[PDB]
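> Protein chains in written order, with the entry's author numbering: chain 1J, 1 to 175; chain 1A, 1 to 25, 53 to 115; chain 1H, 1 to 318; chain 1b, 1 to 83; chain 1a, 1 to 70; chain 1K, 1 to 98; chain 1D, 28 to 73; chain 1I, 1 to 57; chain 1B, 25 to 179.
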Amino acid sequence: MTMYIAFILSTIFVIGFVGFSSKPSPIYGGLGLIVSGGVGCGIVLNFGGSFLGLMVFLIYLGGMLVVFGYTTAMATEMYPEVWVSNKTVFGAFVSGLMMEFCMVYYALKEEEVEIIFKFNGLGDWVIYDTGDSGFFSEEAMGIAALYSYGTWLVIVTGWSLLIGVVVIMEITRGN
Amino acid sequence: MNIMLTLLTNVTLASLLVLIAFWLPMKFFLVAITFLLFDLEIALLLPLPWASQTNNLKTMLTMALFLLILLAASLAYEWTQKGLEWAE
Amino acid sequence: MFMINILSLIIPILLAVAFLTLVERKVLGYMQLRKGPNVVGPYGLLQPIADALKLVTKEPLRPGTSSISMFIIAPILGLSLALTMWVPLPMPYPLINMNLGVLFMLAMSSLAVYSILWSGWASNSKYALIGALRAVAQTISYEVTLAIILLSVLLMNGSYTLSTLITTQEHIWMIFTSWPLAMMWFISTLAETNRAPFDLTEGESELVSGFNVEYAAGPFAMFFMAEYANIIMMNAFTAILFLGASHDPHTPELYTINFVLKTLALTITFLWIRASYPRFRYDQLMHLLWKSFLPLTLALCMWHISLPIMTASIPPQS
Amino acid sequence: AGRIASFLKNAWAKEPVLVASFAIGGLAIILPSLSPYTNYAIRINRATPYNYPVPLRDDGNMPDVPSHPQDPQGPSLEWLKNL
Amino acid sequence: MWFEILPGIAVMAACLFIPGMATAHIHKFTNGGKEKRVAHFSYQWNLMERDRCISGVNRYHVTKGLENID
Amino acid sequence: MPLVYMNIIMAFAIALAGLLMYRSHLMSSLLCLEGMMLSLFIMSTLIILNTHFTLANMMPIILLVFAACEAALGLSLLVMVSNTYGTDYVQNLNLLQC
Amino acid sequence: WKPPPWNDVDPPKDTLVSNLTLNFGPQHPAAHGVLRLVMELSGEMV
Amino acid sequence: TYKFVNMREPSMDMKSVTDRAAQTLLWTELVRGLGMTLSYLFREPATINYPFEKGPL
Amino acid sequence: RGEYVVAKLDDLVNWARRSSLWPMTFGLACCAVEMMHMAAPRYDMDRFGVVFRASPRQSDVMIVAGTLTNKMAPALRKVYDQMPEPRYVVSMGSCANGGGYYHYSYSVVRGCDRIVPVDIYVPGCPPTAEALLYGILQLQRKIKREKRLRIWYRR
Ligand SMILES: CCCCCCCCCCCCCCCCCC(=O)OC[C@H](COP(=O)([O-])OCC[N+](C)(C)C)OC(=O)CCCCCCCCCCCCCCCCC
Ligand code: SF4
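1. With three or more beta-carbon pairs closer than 8 Å as the criterion, would you say the region 57-71 of chain 1B touches the region 24-40 of chain 1H?
2. Pick helix, strand or coil for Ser115 (chain 1B), following the three-state DSSP scheme.
3. Along the alpha helix (DSSP H) that carries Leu47 (chain 1D), what are the first and last residues, could you check?
4. Give every residue of the same chain whose Cβ lies closer than 8 Å to the Cβ of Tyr4 (chain 1J), excluding the five residues on either side of it in the sequence, and list them in chain order.
5. Where does the unbroken beta strand (DSSP E) through residue 204 (chain 1J) begin, and where does it stop?
6. Of the choices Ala14 (chain 1A), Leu94 (chain 1A), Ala70 (chain 1A) and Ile60 (chain 1A), whose alpha-carbon is the least far from that of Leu111 (chain 1A)?
7. Could you tell me the distance, in whole angstroms, from the CA atom of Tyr158 (chain 1B) to the CA atom of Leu52 (chain 1B)?
8. My parser needs the alpha helix (DSSP H) runs of 4 or more residues fully inside the region 5-29 of chain 1I; what are they?
9. Could you tell me which of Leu92 (chain 1A), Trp77 (chain 1A), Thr12 (chain 1A) and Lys109 (chain 1A) sits nearest to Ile155 (chain 1J), measuring between CA atoms?
10. Taking only three categories from DSSP, how would you classify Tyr52 (chain 1b)?
11. For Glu67 (chain 1D), which residues does DSSP report across the bridge?
12. Counting contacts by CB-CB distance shorter than 7 Å, is residue 319 (chain 1H) in contact with chain 1A?
13. Within the same chain, show all residues whose beta-carbon is closer than 7 Å to that of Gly244 (chain 1H), passing over the 5 residues directly before and after it, in chain order.
14. So with CB distances below 9 Å, who are the chain 1H contacts of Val17 (chain 1b)?
15. Check distances from the C-beta atoms of the region 37-57 of chain 1I to those of chain 1B and list, in chain order, the residues that come in under 9 Å.
16. Taking its Cβ as the centre, do 16 or more other Cβ atoms sit within 10 Å of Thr145 (chain 1H), making it buried, or is it exposed?
17. Interface residues of chain 1J around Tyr43 (chain 1a) at Cβ under 9 Å?
18. Return the bridge partner residues of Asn120 (chain 1J) from the DSSP annotation.
19. Ends of the alpha helix (DSSP H) at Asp34 (chain 1B)?
20. Can you check whether the CB of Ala122 (chain 1H) is closer than 7 Å to the CB of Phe57 (chain 1J)?
21. Jot down the residue ranges of each uninterrupted alpha helix (DSSP H) in the region 70-144 of chain 1H, minimum 4 residues, whole runs only, in chain order.
22. Which two residues bound the contiguous beta strand (DSSP E) that contains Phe50 (chain 1B)?
23. Within the structure, which residues are defined as neighbours of ligand 2 by a Cβ-heavy atom distance below 6 Å, reported in chain order?
24. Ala64 (chain 1B) lies in the beta strand (DSSP E); which residues open and close that run?
25. What residues match up with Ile144 (chain 1B) in a beta bridge as DSSP calls it?
26. Less than 8 Å between the CB atoms is what I'm expecting for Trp46 (chain 1B) and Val74 (chain 1B), so what's the real figure, rounded?
27. How would you call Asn39 (chain 1b), buried or exposed, if buried means at least 16 neighbouring beta carbons within 10 angstroms?
28. Would you check if the distance between the CB atom of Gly74 (chain 1K) and the CB atom of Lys23 (chain 1J) is smaller than 7 Å?
29. Looking at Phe186 (chain 1H) and ligand 1, is the gap between the Cβ and the nearest heavy atom below 6 Å?
30. In or out: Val85 (chain 1B) buried (at least 16 other Cβ within 10 Å) or exposed?
31. So what does DSSP say about residue 99 (chain 1K), is it helix, strand or coil?
32. Can you tell which of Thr267 (chain 1H), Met302 (chain 1H), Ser205 (chain 1H) and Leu154 (chain 1H) has its C-alpha closest to the C-alpha of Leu94 (chain 1A)?
33. Can you give me the Cβ contacts of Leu79 (chain 1H) inside the same chain, cut-off strictly under 6 Å, excluding the 5 residues immediately before and after it?
34. Give me the DSSP bridge partner(s) of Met86 (chain 1B).
35. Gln97 (chain 1K) versus chain 1D: which residues are under 8 Å apart at the beta carbon?
36. Roughly how many whole angstroms lie between the Cα atoms of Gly56 (chain 1a) and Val56 (chain 1H)?
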């Protein structure tokens, strides 16, 4: 429909995870996460969070995952398994299908799913709050505090990234 | 909605005109990992425009410039210890 | 209503992409002292039609080593990306007024590299695979400077709203304030768009065709048109960024004339720049980027963040 | 001195991009400190009413707060007007 | 000569002209001789619903002024 | 509680099962570990944006910039076992039997 | 289970090189024509 | 008789280094290359209009 | 009428293909240089379709310029099969036509006909650069007199 669009996207998000959790060929597994990464931003986008969502596209989907499949490109064997290949991969995929079907069926009929966390099965929209945000975006004005309140965060995350640059050379140096 | 409609229409147009064209007729790793670390460090200062309008921008000045010198510092250590001069 | 605007945007974009093949062979020739496509069609007005029709009537070859699943998603992933990237362009009043349009344009620009990456894997040839491998690594290396140039430029502009570009750039072109970054930006456009001195893949002899090494007519239409499609826009993005025009609310015609002429002139320089320079060797791309372009861009971002603070010139995001 | 000047000259001879980067980064770190408009930038930054000026319960003894919005009492951004 | 590239250039200007006028004129037609009211922040949004709900015809673009109130 | 969160919560669990179970390739395991922090990112943003916890918007950006540091380390280790063993199959990584 | 090496150095395996011998020549105008070249390289270094 | 070719010496003075540094930063020989092609754009072509025009023999 | 409809479609397809060939250079000898003057502005060929797209996969007509050798025989051939149809080959010069000046030699096959189906023959040693432009033009008119959709209608 359109009311369940976040639910619809969330459903594609779960099945997208089964795509790469089943551990298919690394390129194909990356693609299964690429769509999973794509829809997940839309879930965030529907809740607001434009900037936080946009990063999932930019620095993760077009970022971390680009060099991810890039490594799989020059590595890996000469015979990449096609999604069907090993019967376990398709067995894992159908296995992921039966988990999301049983809960969703249970979610939309009895609405009293208690698996681990007790969760009531209503539409996505019955959780949004109310109120006007004035002239400032809540997400934009929050992470803009990186340089006004994010004092100890910047000092530590910056320092580790510099150590991140030095650790990667030291491991890749080859002594 | 409009955003979804726009992207959906683009996919169909690409799909439609693809179909008519089908039925009618360590160095390599290093450049990847160095980009990955720089790109992640880049995402830190993306919120800079709105952050430039904070009410304590003096502290912003010390720390927004902090990340930028670390960007230089990470490259500087990379450059001096070979690094960007990739294996050849 | 809305849909009629969608075709009114993407369709003229697509038909302009087909024609750009003509000028690529013509204005180069008129500089190369050649004549360019003239015999077919009056003044070569029909050559792109002749070009496009055989590509949609020649035999579409699928090499036995190519995964058909990967062989078909990639050309769609490329062409569609170029078209949906046009939706936040601030043509008087943009079709999509995404307040994060600058990030929106950049985000799917990174999505473009999956088009070449998957095609290089789909083709599955020794020479083809390395050709794409050392092609994607180029594009990703040029996005870090791309983001930094963007970050500095809109810092003086304001928020990331693409419509705000025409407001900040009211009296003076933004290039007069960031000309050291403008050429920094312009060369970066020359590299993501895969054009000489970064033609690399699509180089007629650099990688014979790079992403089109085994990839011939049929599906190849959506893989040699998309690169030319990003050319018109990424120059147009430069036109909005540094060469912004004036927009009268009672007459949006003026800004349409001014912007289109400015972006068309930039594309002429883009076609001018292929016919005047050699091709960078792979090491020279990174040497130019990481060790000269990357440090300079960082320093300019150092300058452009303090300058509004220096002169109390912070821009209003709202 | 002499070697330092020669060091810069040969730095500009073969490595002009980096000396441009270091010079710009070198400046861009120290004018914001001794800038005379930095305080102005802060002043106009707080002088942007994102949040409503919530009224205060009038209990007397406070003359600085205006009784009327147009009243002369209270802060003014006349400085922001000419600059 | 050199101007033989001009008709190749001119047709492009006609093609790129279409998006500029369309998305502007369509805005004028869908807003009633106006432009699409941008909503970059919450205030710009509930302002429209304020205007959309008062119009009675459930359109934000149609505006009722001094002739409406007494 | 909204089903979109349970959709995310299983998304961790199916990602968790894939990371633990292993099939052949460390690339897939590294991929599974990324779905871990991914599903964590949407879950973090979803709660934080819903509750208007303004300062807490810190954590989503901080979360993945450090999760990506795992990729910087995890990807590097793979190529070394790829350089020495050949294929990066987990079965090859058995020298430390004792 | 054999005892661990005393120097803790496990024995190197054989070569794992990918020095593909590119066949330049009778496909590329880059070779100006009939210029079949046989040469091996470390990905880029001949 | 003979003649070298690559025996030009770069001057180390303040003036000479400035032009070289300006050339490196502000690309001028690249622009010189651009000017050469552009001047040729406005140069008339020499394309014989076959079959109506035929080459000399 | 039906025959009119198949005639208009035949003209539309034929006019496109004949006017926008994308030849792939297979010059081996002095026959390559003189065709390579057709690239020179004097006898510009890019005036009508034939352009720099190269990429033997993206090629309609192949121009075999120069002498053909036995060791060149299979590598040239496998190029021809990989060349997608409609594929036509142009025989350049006396050597590629029938061996020419090396007809009685051990390292040359007399003519390209023994290897590929030659659609057009351009005599010369080397043929004058404009004479090939005529050969391309006559090949262009050869495509004009093609009845692919017409012959299908009869079937
Ligand atoms: C108060 C002032 C504050 C600001 C002051 C800033 C400093 C002063 C200004 C410095 C110059 C401007 C910034 C740097 C620009 C050069 C960057 C660089 O790396 O240069 C050297 C680089 C590299 O030169 P190199 O490789 O020979 O040497 C570099 C140094 N070593 C050897 C040590 C690495 O040059 C280039 O990149 C050349 C261009 C490459 C691309 C080819 C196409 C060029 C097209 C030119 C014509 C069209 C221009 C269009 C412009 C945009 C129009 C919209
Ligand atoms: S036909 Fe004449 S010009 Fe052509 S290859 Fe043979 S000898 Fe040379």
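Using N, Cα and C, we set each Cβ at its ideal position, and we do this for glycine too.
By the coordinates alone:
1. yes
2. strand
3. Counting along the chain, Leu47 (chain 1D) falls outside any alpha helix (DSSP H), and DSSP gives it neither H nor E.
4. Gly123 and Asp124
5. In the structure as shown, chain 1J begins at 1 and stops at 175. Residue 204 (chain 1J) is therefore absent and cannot be evaluated.
6. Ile60 (chain 1A)
7. 21 Å
8. 14-25
9. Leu92 (chain 1A)
10. coil
11. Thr48 (chain 1D)
12. Because chain 1H here runs from 1 to 318, residue 319 (chain 1H) falls outside it and cannot be looked at.
13. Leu165, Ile166, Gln169, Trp173 and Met174
14. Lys291, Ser292, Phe293, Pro295 and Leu296
15. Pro45, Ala46, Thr47, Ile48, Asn49, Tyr50, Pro51, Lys54, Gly55 and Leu57
16. buried
17. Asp132, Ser133, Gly134 and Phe135
18. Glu112 (chain 1J)
19. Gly26 to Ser43
20. no
21. 101-111 and 113-123
22. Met48 to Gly51
23. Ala53 (chain 1B), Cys54 (chain 1B), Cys55 (chain 1B), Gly90 (chain 1B), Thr91 (chain 1B), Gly117 (chain 1B), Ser118 (chain 1B), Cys119 (chain 1B), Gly124 (chain 1B), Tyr125 (chain 1B), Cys149 (chain 1B) and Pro150 (chain 1B)
24. Run containing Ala64 (chain 1B): none; DSSP gives neither H nor E here.
25. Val114 (chain 1B)
26. 7 Å
27. exposed
28. no
29. yes
30. buried
31. Past the edges of chain 1K, shown from 1 to 98, lies residue 99 (chain 1K), and the structure says nothing about it.
32. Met302 (chain 1H)
33. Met222 and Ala226
34. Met48 (chain 1B) and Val113 (chain 1B)
35. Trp28
36. 52 Å
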